[PDB]
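Trainee: Input: one structure, supplied below.
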Amino acid sequence: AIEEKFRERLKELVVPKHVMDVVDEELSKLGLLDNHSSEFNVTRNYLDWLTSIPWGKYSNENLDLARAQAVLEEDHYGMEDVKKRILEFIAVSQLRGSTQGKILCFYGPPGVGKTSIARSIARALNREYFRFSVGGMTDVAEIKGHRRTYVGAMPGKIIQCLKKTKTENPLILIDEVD
Amino acid sequence: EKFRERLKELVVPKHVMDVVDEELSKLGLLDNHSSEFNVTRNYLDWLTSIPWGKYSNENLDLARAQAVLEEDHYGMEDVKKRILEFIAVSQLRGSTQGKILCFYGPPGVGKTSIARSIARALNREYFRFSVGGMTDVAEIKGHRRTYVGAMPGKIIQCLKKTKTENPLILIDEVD
Ligand SMILES: Nc1ncnc2c1ncn2[C@@H]1O[C@H](COP(=O)(O)OP(=O)(O)OP(=O)(O)O)[C@@H](O)[C@H]1O
Ligand SMILES: Nc1ncnc2c1ncn2[C@@H]1O[C@H](COP(=O)(O)OP(=O)(O)O)[C@@H](O)[C@H]1O
Ligand SMILES: [Mg+2]
């Protein structure tokens with residue numbers, strides 16, 4: 056099989072055991088090569104998604120409070136309490152030795168610097184950035200898509216296709232609460 | 003099997019055993035790694051997860067109850083006295099299941115921590131789930147297995163987490 060060894064070469068990164076046995080069994084099912092169009096390609100796409108979602112991949116966070124404060128200042132003019140809370144959030148994690156990934160909600164009048172301070176924070180913590188907009192989201196298939204049995208199902212893109220930033224700790228901004 | 007030793011350790015009821023072996027034979031007509039396979043897999047996992055006879059021994063002792071209550075909280079002498087009265091009445095009656103206790107008062111007085119203190123005092127397993135405008139039953143009873151969103155619900159999740167047939171369930175913010 057041509058693509059089998061290619062997928063095997065791709066998934067060299069640290070994969071948990073359950074994902075690994077699932078992808079091994081999927082490789083074994085596709086290795087039968089029962090056909091070349093329909094049942095081959097559904098498992099092929101499942102395999103490509105499994106090998107594309109990065110497992111154990113991280114991004115070296117910036118632990119330097121001075122640099123984080125500097126870059127917040129470069130981005131925005133003084134949102135003093137906001138930036139103090141971001142720095143205190145960084146310091147509590149640097150104390151606990153491992154972060155907790157707390158959910159922070161920013162509320163206030165329009166145009167006050169809510170959405171862009173998120174990109175600022177992402178650059179400060181050396182994470183990858185990504186932006187939802189849940190307002191006007193009416194179907195659940197956006198956060199988690201349709202099962203693979205349906206014809207054109209996408210892997211619940213806005214969360215899993217998010218993970219194709221090659222990083223397990225990206226900062227995700229959920230835009231609104233409408 | 004994993005599920006077999008699971009049910010072998012704990013006292014299963016007869017109808018449950020019948021249904022689980024029925025669904026296990028229904029999977030025996032293998033439909034490997036599909037929707038109708040993973041549905042059966044999750045069903046049997048929840049079934050072997052639920053504790054069936056195993057429970058936690060209680061402690062209706064007033065002395066230890068008082069010690070726990072005075073340790074976990076400061077002040078609140080009258081609430082502690084009401085809790086001790088409930089415990090004594092429930093020891094007499096033996097059932098400890100008659101009327102539901104409900105603490106009310108201003109916010110921030112720690113009426114949610116009294117539930118944890120009571121769980122410690124009765125040596126039960128604690129569990130909390132809030133009801134703020136849920137408007138649905140799927141939180142309590144859950145969903146059907148047909149829906150792609152298939153969850154047992156708050157009660158079964160409490161049972162699977164506590165691994166105990168007689169836990170303490172706090173219900174927050176009824177009002
Ligand atoms: N303190 C600030 N310093 C520098 N630029 C700012 C500041 N506040 C707002 N801006 C700029 O003004 C624009 C306003 O966008 P903003 O991020 O405020 O949208 P928002 O707060 O999400 O508004 P809405 O809630 O209406 O969507 C941004 O492009 C931002 O660059
Ligand atoms: N008498 C007390 N002793 C110890 N902690 C208390 C006391 N009263 C309140 N608390 C604290 O208050 C917090 C819980 O507040 P709570 O009364 O549960 O608010 P709400 O009633 O709105 O849920 C807990 O962290 C608890 O430690
Ligand atoms: Mg915005």
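Chains as they are written, first to last, in my numbering: chain A, 56 to 233; chain B, 3 to 177. From the three backbone atoms N, C-alpha and C, an ideal C-beta is built for every residue, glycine too.
Can you tell me whether DSSP reads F161 of chain A as helix, strand or coil?
Mentor: Walking along the first sequence from the start, residue 161 of chain A turns up at place 106. Three-state result, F161 of chain A: coil.
Trainee: Answer yes or no: do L127 of chain A and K138 of chain A have a C-beta to C-beta separation smaller than 8 Å?
Mentor: Translated into the one-based positions of the first sequence, residue 127 of chain A becomes position 72. Translated into the one-based positions of the first sequence, residue 138 of chain A becomes position 83. Yes; because the gap between Cβ atoms is below 8 Å, this pair is in contact.
Trainee: With a threshold of 8 Å, are at least 3 pairs of Cβ atoms found where one atom belongs to the region 203-213 of chain A and the other to the region 13-25 of chain B?
Mentor: no
Trainee: Residues in the same chain with beta-carbon distance under 7 Å from residue 2 of chain B, minus the five sequence neighbours each way, listed in chain order, please.
Mentor: A query on residue 2 of chain B cannot be resolved here, the shown segment of chain B reaching from 3 to 177 and no further.
Trainee: May I ask whether a heavy atom of ligand 3 can be found less than 7 Å away from the beta carbon of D233 of chain A?
Mentor: Looking up residue 233 of chain A in the first sequence gives position 178. Incorrect: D233 of chain A has no Cβ contact closer than 7 Å to ligand 3.
Trainee: To the nearest angstrom, how far is it from the Cα of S83 of chain A to the Cα of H145 of chain B?
Mentor: Taking the first residue of the first sequence as position 1, residue 83 of chain A is located at position 28. Taking the first residue of the second sequence as position 1, residue 145 of chain B is located at position 143. The alpha-carbon atoms of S83 of chain A and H145 of chain B are separated by roughly 34 Å.
Trainee: Can we count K113 of chain B as close to ligand 2, meaning its CB is less than 7 Å from some heavy atom?
Mentor: As a position in the second sequence, residue 113 of chain B is number 111, starting the count at 1. Yes, ligand 2 has a heavy atom inside 7 Å of this Cβ.
Trainee: Mapping the DSSP letters down to three states, classify residue 240 of chain A as helix, strand or coil.
Mentor: Here chain A has residues from 56 to 233 only, and residue 240 of chain A is not among them.
Trainee: Go through its chain and collect everything with a Cβ distance to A117 of chain B's Cβ below 6 Å, but skip five positions before and after it.
Mentor: Taking the second sequence and counting its residues from 1, the one referred to as residue 117 of chain B is at position 115. Correct list, in chain order: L172.
Trainee: Taking 8 Å as the cut-off, decide whether the C-beta atoms of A56 of chain A and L102 of chain A are in contact.
Mentor: As a first step, residue 56 of chain A must be located in the first sequence, where it is residue number 1. As a first step, residue 102 of chain A must be located in the first sequence, where it is residue number 47. Not a contact, by the Cβ cut-off of 8 Å.
Trainee: Could you tell me which uninterrupted alpha helix (DSSP H) segments, each at least 4 residues in length, are contained entirely in the region 128-169 of chain B, listed from first to last along the chain?
Mentor: Correct list: 156-164.
Trainee: Closer than 8 Å by C-beta to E81 of chain A: which residues in its own chain qualify, once you throw out the five before and the five after it? Chain order, please.
Mentor: For the purposes of this step, residue 81 of chain A is taken as the residue at position 26 of the first sequence. Cβ within range, chain order: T98, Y101, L102 and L105.
Trainee: Check whether chain B comes within 8 Å of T204 of chain A, counting only Cβ atoms and requiring the distance to be less than that.
Mentor: Taking the first sequence and counting its residues from 1, one reaches residue 204 of chain A at position 149. It does: the Cβ of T204 of chain A has a partner Cβ on chain B nearer than 8 Å.
Trainee: Of all Cβ atoms in chain A, is any one closer than 8 Å to the Cβ of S37 of chain B?
Mentor: Counting from one through the second sequence, the residue named residue 37 of chain B turns up at place 35. So, interface residue.
Trainee: I want to check one thing, is the minimum distance from the CB of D89 of chain A to the heavy atoms of ligand 3 below 7 Å?
Mentor: Taking the first sequence and counting its residues from 1, the one referred to as residue 89 of chain A is at position 34. No, since every heavy atom of ligand 3 falls outside the 7 Å radius drawn around the Cβ of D89 of chain A.
Trainee: Which residue comes first and which comes last in the alpha helix (DSSP H) that contains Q149 of chain A?
Mentor: The residue given as residue 149 of chain A occupies position 94 in the first sequence. Element bounds for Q149 of chain A: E135 to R151.
Trainee: Rounded to the nearest angstrom, what separates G191 of chain A and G163 of chain A at their Cα positions?
Mentor: Within the first sequence, the letter at position 136 stands for residue 191 of chain A. Within the first sequence, the letter at position 108 stands for residue 163 of chain A. Cα to Cα, the separation comes out at about 20 Å.
Trainee: According to the neighbour-count rule (16 or more other Cβ atoms, all chains shown, within 10 Å of its Cβ), is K143 of chain B buried or exposed?
Mentor: For the purposes of this step, residue 143 of chain B is taken as the residue at position 141 of the second sequence. Exposed.
Trainee: May I ask you to list the residues that DSSP assigns as paired with residue 223 of chain B?
Mentor: Summary: the structure shown does not reach residue 223 of chain B, with chain B confined to residues 3 through 177, and so no result is reported for it.
Trainee: Taking the CB atoms as reference points, tell me whether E167 of chain B and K10 of chain B lie closer together than 8 Å.
Mentor: Locating residue 167 of chain B in the second sequence gives position 165, counting from the first residue. Locating residue 10 of chain B in the second sequence gives position 8, counting from the first residue. The answer is no: Cβ separation not under 8 Å.
Trainee: Under 8 Å by Cβ, that's how I've got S107 of chain A and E183 of chain A pegged, so tell me the actual separation to the nearest angstrom.
Mentor: Here residue 107 of chain A corresponds to residue number 52 of the first sequence, with the count starting at 1. Here residue 183 of chain A corresponds to residue number 128 of the first sequence, with the count starting at 1. About 15 Å separates the two Cβ atoms, so there is no contact after all.
Trainee: Report the residue from A:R64, A:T193 and A:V70 whose alpha carbon sits nearest the alpha carbon of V232 of chain A.
Mentor: What you label residue 232 of chain A is simply residue 177 of the first sequence in a count that begins at 1. Here the closest residue by C-alpha is A:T193.
Trainee: Between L124 of chain B and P169 of chain B, what straight-line distance do the alpha-carbon atoms span, to the nearest angstrom?
Mentor: Numbered from 1 along the second sequence, position 122 holds the residue referred to as residue 124 of chain B. Numbered from 1 along the second sequence, position 167 holds the residue referred to as residue 169 of chain B. The C-alpha of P169 of chain B is placed about 10 Å away from the C-alpha of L124 of chain B.
Trainee: Three-state secondary structure (DSSP) at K66 of chain A?
Mentor: For the purposes of this step, residue 66 of chain A is taken as the residue at position 11 of the first sequence. Note: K66 of chain A maps to coil in three-state DSSP.
Trainee: Would the C-beta of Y184 of chain A count as close to ligand 1, meaning under 7 Å from any of its heavy atoms?
Mentor: Locating residue 184 of chain A in the first sequence gives position 129, counting from the first residue. Flag unset: Cβ of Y184 of chain A not near ligand 1.
Trainee: Applying the criterion that 16 or more other CB atoms from any shown protein chain within 10 Å of the CB defines a buried residue, is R147 of chain B buried or exposed?
Mentor: Mapped onto the second sequence, residue 147 of chain B falls at position 145. Looking at its Cβ environment, which holds fewer than 16 other Cβ atoms inside 10 Å, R147 of chain B is exposed.
Trainee: Hey, out of A:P165, A:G152, A:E58 and A:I158, whose CA is closest to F95 of chain A's CA?
Mentor: Within the first sequence, numbered from 1, the residue matching residue 95 of chain A stands at position 40. With distances taken between Cα atoms, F95 of chain A lies closest to A:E58.
Trainee: Taking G86 of chain A as the reference, give the member of A:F61, A:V147, A:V167 and A:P109 with the closest Cα.
Mentor: As a working note, residue 86 of chain A is residue 31 in the first sequence. Cα-wise, what sits closest to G86 of chain A is A:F61.
Trainee: According to the neighbour-count rule (16 or more other Cβ atoms, all chains shown, within 10 Å of its Cβ), is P165 of chain A buried or exposed?
Mentor: By 1-based counting over the first sequence, the position of residue 165 of chain A is 110. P165 of chain A comes out exposed.
Trainee: Using only alpha-carbon positions, find the residue among A:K157, A:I158 and A:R186 that is nearest to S171 of chain A.
Mentor: By one-based count along the first sequence, residue 171 of chain A stands at place 116. It is A:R186 whose Cα lies nearest to the Cα of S171 of chain A.
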